[PDB]
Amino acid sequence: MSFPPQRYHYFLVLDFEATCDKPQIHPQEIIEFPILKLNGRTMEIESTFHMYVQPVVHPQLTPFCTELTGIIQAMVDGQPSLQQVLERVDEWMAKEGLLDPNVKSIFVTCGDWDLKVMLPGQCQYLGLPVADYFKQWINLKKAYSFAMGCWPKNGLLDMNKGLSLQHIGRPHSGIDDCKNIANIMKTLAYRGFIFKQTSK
């Protein structure tokens, strides 16, 4: 059945961008924090949280980081740090109605890195508690492997290839990576896939 009933009222698509360098910078710090709120049944985008984040440990973006993500220095200067952005997220969750125990939602990321490595690692570095809704998610690569029966090699690019979808926007932009995740989800639901939590 196309677009079957799903287990969640809403899906929260997330894809961080972080400071980086060649070889990798340490520690990494989140510099882009997007969330797309998807209708649980249709996968349509109904609301968007999007904030750039000011890094503190390594405050100046490297040339590699700007080339990779497209994020320039003026986009993070004057921004709130991660602690404040997380409070903005909580307020946004509240306004969207996602803090109701009877409203079911879950984050969806491309891989496990965002919520298994990046966010809890930086919160630990900062002595910040991770909000409980960040502790369960769906790895799209894993969901795709169940839906299509195959393991994609390179994330969004290869999942778009397998589904004959055109890439949306700019690769390695957090918000655009989110739009592609949402578009892949829409197709998987069209093909009859019911999404399930994959985090452990």
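Quick note: we count residues from 1 along the sequence shown, nothing fancier.
Participant: For the C-alpha atoms alone, is the average B factor greater in 26-34 or in 161-169, going by the entry?
Facilitator: Here the higher of the two C-alpha B-factor means belongs to 161-169.
Participant: If you take the mean CA temperature factor per stretch, which one wins between 47-55 and 152-160?
Facilitator: According to the entry, 152-160 carries the higher average C-alpha B-factor.
Participant: Determine which member of 126, 110, 89, 115 has the highest CA B-factor, using the values in the deposited entry.
Facilitator: 126 has the highest C-alpha B-factor of those listed.
Participant: For residue 189, does the deposited CA B-factor place it in the lowest, middle or highest third of the chain?
Facilitator: It falls in the top third of the chain.
Participant: Hey, what third does residue 64 fall into on Cα B-factor, ranked over its chain?
Facilitator: According to the entry, residue 64 has a C-alpha B-factor in the chain's middle third.
Participant: Splitting the chain's C-alpha B-factors into thirds, which one does residue 39 fall into?
Facilitator: For residue 39, the deposited C-alpha B-factor lands in the lowest third.
Participant: Among the modelled residues of its chain, does the C-alpha B-factor of residue 146 lie in the lowest, middle or highest third?
Facilitator: Residue 146: CA B-factor falls in the highest third of its chain.
Participant: Which third of the chain holds residue 74 when residues are ordered by C-alpha B factor: lowest, middle or highest?
Facilitator: Answer is highest: the recorded C-alpha B-factor places it there.
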